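Peer 1: Below you will find the structure I want to go over with you.
Methodologically, a virtual Cβ is constructed for each residue, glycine included, from the backbone with ideal geometry; neighbour enumeration extends over all protein chains shown. What follows draws every value from the coordinates through simple rules; no lab data is involved.
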Amino acid sequence: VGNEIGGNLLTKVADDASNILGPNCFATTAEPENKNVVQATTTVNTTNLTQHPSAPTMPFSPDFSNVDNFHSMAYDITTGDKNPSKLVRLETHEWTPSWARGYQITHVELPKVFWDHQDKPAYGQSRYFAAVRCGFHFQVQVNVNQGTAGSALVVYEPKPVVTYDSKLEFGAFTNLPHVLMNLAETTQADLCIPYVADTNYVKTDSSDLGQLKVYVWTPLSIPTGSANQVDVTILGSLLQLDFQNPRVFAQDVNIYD
Amino acid sequence: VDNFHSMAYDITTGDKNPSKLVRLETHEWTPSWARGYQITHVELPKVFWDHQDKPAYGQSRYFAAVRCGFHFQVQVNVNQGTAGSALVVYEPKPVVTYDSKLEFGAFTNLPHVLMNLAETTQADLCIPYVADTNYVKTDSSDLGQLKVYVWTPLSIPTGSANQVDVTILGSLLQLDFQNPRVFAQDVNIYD
Amino acid sequence: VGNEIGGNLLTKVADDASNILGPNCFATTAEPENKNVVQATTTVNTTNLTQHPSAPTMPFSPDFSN
Amino acid sequence: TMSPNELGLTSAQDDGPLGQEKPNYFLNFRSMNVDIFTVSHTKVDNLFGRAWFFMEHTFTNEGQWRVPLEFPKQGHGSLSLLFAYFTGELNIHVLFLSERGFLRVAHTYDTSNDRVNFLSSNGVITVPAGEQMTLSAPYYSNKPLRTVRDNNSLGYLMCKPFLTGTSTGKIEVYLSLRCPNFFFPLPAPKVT
Amino acid sequence: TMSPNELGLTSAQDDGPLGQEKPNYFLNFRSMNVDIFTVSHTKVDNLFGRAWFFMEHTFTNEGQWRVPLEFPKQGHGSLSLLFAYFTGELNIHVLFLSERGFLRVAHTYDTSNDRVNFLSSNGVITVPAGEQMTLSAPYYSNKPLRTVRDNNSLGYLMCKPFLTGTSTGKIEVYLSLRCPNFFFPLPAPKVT
Amino acid sequence: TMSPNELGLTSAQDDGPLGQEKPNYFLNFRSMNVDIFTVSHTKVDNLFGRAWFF
Amino acid sequence: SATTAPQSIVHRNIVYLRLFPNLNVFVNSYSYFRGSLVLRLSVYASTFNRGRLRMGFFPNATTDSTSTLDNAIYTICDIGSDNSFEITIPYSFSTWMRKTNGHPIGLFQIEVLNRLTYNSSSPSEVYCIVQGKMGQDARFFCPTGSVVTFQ
Amino acid sequence: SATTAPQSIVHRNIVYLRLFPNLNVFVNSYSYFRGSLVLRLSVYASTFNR
Amino acid sequence: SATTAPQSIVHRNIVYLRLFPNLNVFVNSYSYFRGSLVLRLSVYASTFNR
RNA sequence: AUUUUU
RNA sequence: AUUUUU
């Protein structure tokens, strides 16, 4: 109806009053490069709202694959991602001879032990999330010369068990995922433990989700000459890990009621 | 996987978290700053691990090598009454090294955004991995650095406000940590 | 020619540098809810001209049969 | 694809008409509807289908008990205060705590206090002593809608106990509604 | 038809991405491409395919000549300073000005000054006295790209002359490159 | 699938005959052969094809 | 306000469902619930005022203290024509259903990103309003007793 | 500037290729050339200035 | 040794290609290289040691 | 890499 | 008024 017709009311007029030399004027109307629009950009748990956007820029004929075709780093591309699920040494205590049956050799705070020190692959991420849901794969290793004998009970104890531990009858702990491992026969035990709790998620940096322990099934029968320093080591791997709740750096957050 | 989703988020949230957009810098555009004057800079790529409160700070500590792409969003807000223009440009290590040897006004050859205040409040820059080496040492200023210069000084009227802040936000289009190493220990990937 | 391309110059770039975990960024550009329009309303022998209109409201699942 | 409007950038002055189920998203997020029970506890029929205490009356004689029934500003029934108009069946739960006798119960929306003097056809159900009944009073209102707030939003309840000897007692009353029709939601209530 | 954008009316803040071959017109005008020669002199391969002086060394003994090869801030090769990274073949032109003898020439990107003490496999081509040769050194660099500016952007050149008598002289060196790969153009250089 | 032998667990006394191109792997790893030049510099003909002072 | 530093806080507090009129009613009716929560900040400035403001949210956070929002769920607000930015908080608890009245929803903080600019004829400070509602996936479950009395 | 008369000059000078950083490089490299030259004036004013 | 604690070190050092007879030869011949390196620890104990 | 030339 | 339930 008007206010834009500036192009065909000048482009035509000349095209109507043109001679063999052609039109003496050309007029074109259109919208400005800077139009009235709004741009929104979302990254991980973030949203940037801009109402005065500008044409995004970038280098000449750029390549954003970001993958080094020469593989100057021979590793899997998802190495850094899976790194926190890596197998790690959770504990190593010494089986002190003369320890009656039932005696607890060593324990391990599950799952906060995987972030035991700032030198743990999972320690990094674990600090930026308050909630966790994961599966475990333990490998308790105990080496003893052939001359010696004995047996230890590697068992997983959920918070329920750990809470009421004294109320439970030892010798029945075989009801829990365990590995009566007879020394001089086995040097390592394997335990695959899924997420077990009375809550969908467990607070990061908590002893919840139970804890893995190692008891004395039958004390060590170490002959005279045989060595007497048996070490028990607990290794742990995360079959599957999941950090959800965001939070400040290593700040105690209550996911529970 | 919690079938009830007591945590409504994407399963890969924790994984992508380090690539999340973050505030890299925020300096104040001090009036009376001649053209060419450097408003603010930012150590690339070690700035994404600027503080222990950076989403990427966690992982960055367990790896010595890095190969990543960037997505910057320099934001500068100014009332309509005022005017001015700033030069948001990416400077690879080569440029940063020999900065004084380069002619300002030609920096438009680098991925930049002459952004005219009172017209645009934010600039967008997508920068891929640029270096003379396949990988860059984590916690290094290599891979260049993003800067913001004064194209044309701020023309702030009498009554208008005089405290303009320039903020630099950064996101990782793609991230890649390879070399394993002790916790935050300087490792030389270079010869 | 520019000044709106903010959506497919950020939505694509990521879609070009995405890994098995998918893109790490999405950008969409469009017009504001408050656009530059003019509204005119006429009742019996009356005409209301407004150049700064707003989205008309009304009760839940209303019945105007009266 | 997703528009900037659905990413958080909107305008409060462009919300009308009332009732816009607009979806909100961002990377790594989407509206996830997970159910824990086989049915909803938010549906008006279900929630209100559950009674709530109203009031108690201690009788000594065979007098009558007239009380303006109204919506609660106290129990889960308070969720009704979010509405302006009501209409539908009304479930009245009465407990007749007495040693030996009978309790006449009736209900009407009629404001006149004389149409109740007799109880002819106002629903005189009989709860024997020490018993309790749940009568569902129909919408016998002379007004198409019941402002939900009125001190008599719900019709009046009548209780004329028929005692036999010196026996006395108390009548506790609680109530709910059958299928409720609420309209034109108003602003949330304040606290005392 | 022609838009106002192509008529001069534009916005500097809407230039990204870098590299917009937008056409500019007005009545009685249009981009006219007329060629004078059968080929381009602007193409990187052609321009740089032509050598340029580098430096000269005056020898007296049979000592060795180690020199950090770099891009010129002096000749037409300066056009390289507009780039940041390089990679490809390197043509080295050496002139052995001597009465009677031989000149050993070699090239490596290796920074170590001991891997050159011997010249085992560093390309010991032989230019007889009073002669001149053009050796093309491959990209035997340990770095995928060569920052174009570095005082050693190009690998080091070695010259150990094998003289026979008291004869002495000077070795003038100039150079060019075969097919050059330049990337990420940086801002134009300043003048001294 | 992968055997424990190819995962690092082996015996030095079972290496003969000489010349066993056994592959070594672990999760997130596999022998990756990337070439930088059009030919080998390790081949006897090529390496020695280049003189050296005597 | 324009005076507020480029990092100072304009608003910080721990959020509970009861802090909202409509929601507080359900809080006094139902015992548990689940679903995302949406907060909409509406800054009422003039057409001349310009600036940015970042509002983040740390789910289930309890320590009411200013803290960098780089790792929190945040939304940057650039003043324009539509000055009512939102922010969604996905359900986050150790359970499939959480108390309608118990643990906080999290820490809500709105920090200044870029000083509110102005001119001779525009305000040096503006008013803001924060609203809250439930997401499209919102649900309530058990009706419980009352903790307060309305009027 | 607002003061400058409706016909006064705000800028005048003789243009040479060397007056441009990028071009000056080619000036010091090539001896001859041809083609059109484009100059872009960018005035940075406020939304009120006209 | 049995005495060595359950965490003490039995061997630690920085590895270079020249530390290997065969490799050290290539180190003195070629200037660069690439590829994975394999180290094989052979502990010679009796059938009773564990 | 018609990243010698067609 | 599948405004008891499917």
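Peer 1: Given all pairs of different Cα atoms, what value in angstroms does the Kirkwood hydrodynamic radius of segment B:1-78 take? Walk me through the numbers before you get to the answer.
Peer 2: Values: mean 1/r = 0.0635 Å⁻¹.
Final number for the Kirkwood radius of segment B:1-78 is 15.7 Å.
Peer 1: Return the Cα extents of segment E:1-131 along principal axes one, two and three, sorted largest first, each rounded to a whole Å.
Peer 2: 73, 34, 23
Peer 1: Let me ask something else about it. Please work out the C-alpha center-to-center distance from segment E:81-136 to segment B:27-89 and express it in whole Å.
Peer 2: The distance from the Cα centre of segment E:81-136 to that of segment B:27-89 comes to 45 Å.
Peer 1: Counting only other residues whose beta carbon sits under 10 Å from that of A:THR78, what net charge do I get with K and R as +1, D and E as -1?
Peer 2: Residues close to A:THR78 contribute a combined charge of -3.
Peer 1: How long are the three semi-axes of the equivalent ellipsoid of chain B, in whole Å, if each is the root of 5 times an eigenvalue of the C-alpha gyration tensor, listed from largest down?
Peer 2: The answer is 33, 23, 13 Å, longest axis first.
Peer 1: Mind checking which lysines have their C-alpha under 22 Å from F:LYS22, skipping anything on the same chain fewer than 8 residues away?
Peer 2: F:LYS43
Peer 1: Would you mind putting I:32-41, G:40-49, A:240-249 in packing order, based on average other-beta-carbon counts within 10 Å, highest first?
Peer 2: Order by mean packing, descending: A:240-249, G:40-49, I:32-41.
Peer 1: Based only on Cα atoms, what Rg/Rh ratio does segment B:123-190 have, Rh being taken as Kirkwood's radius?
Peer 2: 1.14
Peer 1: Rule-of-thumb check for segment D:71-192: C-alpha Rg over 2.2 N^0.38 Å?
Peer 2: Expressed relative to 2.2 N^0.38 Å, the Cα Rg reads 1.17.
Peer 1: Over chain G, with a single point scatterer placed on each C-alpha, what log10 of the ratio I(q)/I(0) does the Debye formula yield at q = 0.11, 0.12, 0.15, 0.20 1/Å?
Peer 2: Results for chain G at q = 0.11, 0.12, 0.15, 0.20 Å⁻¹ read -0.48, -0.56, -0.80, -1.18.
Peer 1: Another question, if that's okay. So what are the ³J(HN,Hα) numbers for segment B:77-82, from phi and the Karplus equation (6.51, -1.76, 1.60; θ = phi - 60°), rounded to whole Hz, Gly and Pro as x?
Peer 2: Here the 3J(HN,Hα) series is 10, 8, 3, 5, x, 7 Hz.
Peer 1: Right, something else. What are the residues whose amide H is under 5 Å from the amide H of A:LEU90, where those residues sit 5 or more places off or on another chain and H is modelled from the backbone?
Peer 2: A:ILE234, A:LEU235, A:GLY236
Peer 1: Roughly how large, in nm² to one decimal, is the mean projection of the convex hull of the alpha-carbon atoms in segment G:1-87? Don't skip to the answer; put the middle values down first.
Peer 2: Numbers: hull surface 28.0 nm².
Result: 7.0 nm².
Peer 1: Taking every pair of alpha-carbon atoms in segment E:134-192, give the share separated by more than 15 Å as a whole percent.
Peer 2: Roughly 68 percent, rounded to a whole number.
Peer 1: Where nothing but the Cβ of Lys and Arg (+1) and of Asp and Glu (-1) is charged, how large is the charge dipole of the protein assembly as shown around its Cα centre, in debye to the nearest 20?
Peer 2: 820 debye
Peer 1: If you don't mind, there's one more thing I want to ask. Determine ³J(HN,Hα), in whole Hz, for all residues of segment E:158-165 in sequence, where each value follows from phi through the Karplus function 6.51 cos²θ - 1.76 cosθ + 1.60 and θ = phi - 60°; x replaces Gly and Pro.
Peer 2: Per residue, the Karplus-derived 3J(HN,Hα) values read 10, 9, 10, x, 9, 7, 10, x Hz.
Peer 1: What order, most packed first, do the peptides B:45-54, H:18-27 have when packing is the mean number of other Cβ atoms within 10 Å of each residue?
Peer 2: Sorting B:45-54, H:18-27 by mean packing, highest first, produces B:45-54, H:18-27.
Peer 1: May I pose another question? GNM on chain D, C-alpha springs below 10 Å: top fluctuator among D:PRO144, D:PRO17, D:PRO68?
Peer 2: Evaluated over chain D, the most mobile residue of the options is D:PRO17.
Peer 1: Which net charge results when you count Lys and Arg as +1 and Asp and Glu as -1 among the other residues whose beta-carbon is under 12 Å from that of F:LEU27?
Peer 2: That works out to +2.
Peer 1: Among the listed pairs B:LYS20/C:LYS12; B:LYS54/G:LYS99; B:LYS46/B:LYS101; A:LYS86/A:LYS159; A:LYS82/A:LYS112, which have their C-alpha atoms separated by more than 22 angstrom in this model?
Peer 2: Where the Cα-Cα span goes over 22 Å, the pairs concerned are B:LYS54/G:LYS99; B:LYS46/B:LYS101; A:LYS86/A:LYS159.
Peer 1: Just the ratio, please: alpha-carbon radius of gyration of segment E:43-117 over 2.2 N^0.38 Å, N its number of residues.
Peer 2: Normalised Rg, Cα atoms only: 1.31.
Peer 1: What does the charge add up to near I:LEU23, with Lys and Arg as +1, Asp and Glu as -1, over the other residues with Cβ less than 15 Å from its Cβ?
Peer 2: Working: positive: I:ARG18, I:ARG34, I:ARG40; negative: none.
Neighbour charge sum, excluding I:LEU23 itself: +3.
Peer 1: Report the percentage of all Cα-Cα pairs in chain I whose separation exceeds 12 Å, rounded to a whole percent.
Peer 2: 77 percent
Peer 1: Right, next: With chain B treated as a Gaussian network of Cα nodes joined by springs under 10 Å, which of B:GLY144, B:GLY69, B:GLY159 yields the largest mean-square fluctuation?
Peer 2: Highest fluctuation among the options: B:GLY159.
Peer 1: Would you be so kind as to identify which of F:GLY49, F:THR10, F:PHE26 lies farthest towards the positive end of the dipole of chain F, taking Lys and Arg as +1 and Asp and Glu as -1 on Cβ and the Cα centre as origin?
Peer 2: Projecting each Cα onto the dipole axis, the largest value belongs to F:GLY49.
Peer 1: Just how far, in whole angstrom, is segment G:29-99 from segment E:141-161 if you go by their alpha carbon centroids?
Peer 2: Between the Cα centre of segment E:141-161 and that of segment G:29-99, the gap is 55 Å.
Peer 1: Give me the dipole magnitude in Debye, nearest 20, for segment A:101-257 about the Cα centre, with unit charges on the beta carbon: positive for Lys and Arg, negative for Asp and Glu.
Peer 2: 60 debye
Peer 1: Skipping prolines and chain starts, which residues have an amide H placed within reach, meaning under 5 Å, of the one on A:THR148, given they are 5 or more residues away or on another chain?
Peer 2: Those lying under 5 Å, H to H, from A:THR148: there are none.
Peer 1: Under a point-charge model restricted to the Cβ atoms of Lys and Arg (+1) and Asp and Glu (-1), what is the dipole moment magnitude of chain D relative to its Cα centre, in debye to the nearest 20?
Peer 2: Dipole magnitude for chain D comes out near 240 debye.
Peer 1: Which one of B:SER171, B:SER155, B:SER85 has the biggest mean-square fluctuation once chain B is modelled by GNM with Cα springs under 10 Å?
Peer 2: Maximum fluctuation in the GNM of chain B, among the listed residues, is at B:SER155.
Peer 1: If the cut-off is a Cα-Cα distance under 17 Å, which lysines reach E:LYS143, setting aside same-chain residues fewer than 8 apart in sequence?
Peer 2: B:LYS93, B:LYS137
Peer 1: If all Cα-Cα distances of the protein assembly as shown are sorted into 10 Å bins from 0 onward, what percent lands in each bin, rounded to whole numbers?
Peer 2: Going out from 0 Å in 10 Å bins, the protein assembly as shown shows 1, 7, 12, 15, 15, 14, 12, 9, 6, 3, 2, 1, 0, 0, 0, 0 percent.
Peer 1: Across bins of 5 angstrom width beginning at 0, how are the C-alpha pair distances of chain F distributed, in whole percent?
Peer 2: 4, 12, 15, 14, 14, 14, 13, 8, 4, 2, 0
Peer 1: Right, another one. Hey, what do the phi angles of segment A:54-59 turn into as Karplus ³J(HN,Hα) couplings, whole Hz, using 6.51/-1.76/1.60 and θ = phi - 60°, x for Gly and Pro?
Peer 2: Per residue, the Karplus-derived 3J(HN,Hα) values read 9, 4, x, 10, 5, x Hz.
Peer 1: Okay, next question. May I ask for the distance between the Cα centers of segment H:1-27 and segment B:129-191, given as a whole number of Å?
Peer 2: So the separation of the two Cα centres works out to 35 Å.
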